[PDB]
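The first residue of the sequence shown is numbered 1, and numbering continues consecutively from there.
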Amino acid sequence: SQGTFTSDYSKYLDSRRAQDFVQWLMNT
Ligand SMILES: [Cl-]
Ligand SMILES: [Cl-]
């Protein structure tokens, strides 16, 4: 199974993606 390191890295990647969406929402 995915260990804590891989799972935490995926939550980091999720954060990058969600933050890019937050930025996109302000874009025009
Ligand atoms: Cl791992
Ligand atoms: Cl991304």
Going by side-chain contact (heavy atoms from CB on, under 4.5 Å), name the residues that satisfy it together with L13, two or more places apart in sequence or in a different chain. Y9, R16
Check side chain to side chain donor-acceptor pair (under 3.5 Å) between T6 and all other residues, then give those that pass, not counting sequence neighbours. none
Can you tell me how far apart CG (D20) and OG (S15) are? Round to the nearest 0.5 Å. 12.5 Å
Under the side-chain contact (heavy atoms from CB on, under 4.5 Å) test, residues paired with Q19 that sit two or more places apart: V22
How does the hydrophobic cluster around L25 look, that is, which other residues are in it when side-chain heavy atoms under 4.5 Å mark a link? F21, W24
